[PDB]
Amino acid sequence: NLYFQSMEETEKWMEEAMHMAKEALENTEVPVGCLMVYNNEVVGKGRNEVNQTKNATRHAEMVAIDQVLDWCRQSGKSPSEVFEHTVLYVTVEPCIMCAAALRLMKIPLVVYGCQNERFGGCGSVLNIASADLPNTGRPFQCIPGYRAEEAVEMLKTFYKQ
């Protein structure tokens, strides 16, 4: 019997992701913060660590997935069991790489802020999220736009440097 996050709890999670975006901005990373909630527990967090780590794959979303995998390791739960019922709260539309990754992990729902004009994979440049692809992952659902103005303002100021 799993627990479903209400609207106010969502706004609350997206608030915490924004604070993480602010932290990333200040560490000279792309301002992207994200959270993964399962059964009313925060099961993965992540900021962009591309500059720190010097590894271009390490977007907020990827850092999160590892934390959740670590979570499963320690709870004894299986990843399929967990990811299939997990909600992602991210500051920016997941890019094509992350969107293709989230399909493969089968996260059903993603709540994001602003559009990813450069490389966004939920409609901006491609819609991998809804792609009719039979034998690869599952499609997922998006609720875009939550505090987009702020998110995009961070993104913009970051792209000057």
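One rule holds for the numbers: they count along the sequence shown, beginning at 1.
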Per the record, averaged over C-alpha atoms, which has the higher B-factor: 133-141 or 7-15?
7-15
Against its chain's modelled residues, does residue 74's Cα B factor rank lowest, middle or highest third?
highest
Lowest, middle or highest third - CA B-factor, residue 121:
highest
CA B-factor placement of residue 59, once the chain's modelled residues are sorted into thirds:
middle
Where the record places residue 94 (Cα B-factor, split into thirds across the chain):
lowest
Going by the recorded CA B-factors, say which third of the chain residue 46 sits in, lowest, middle or highest.
highest
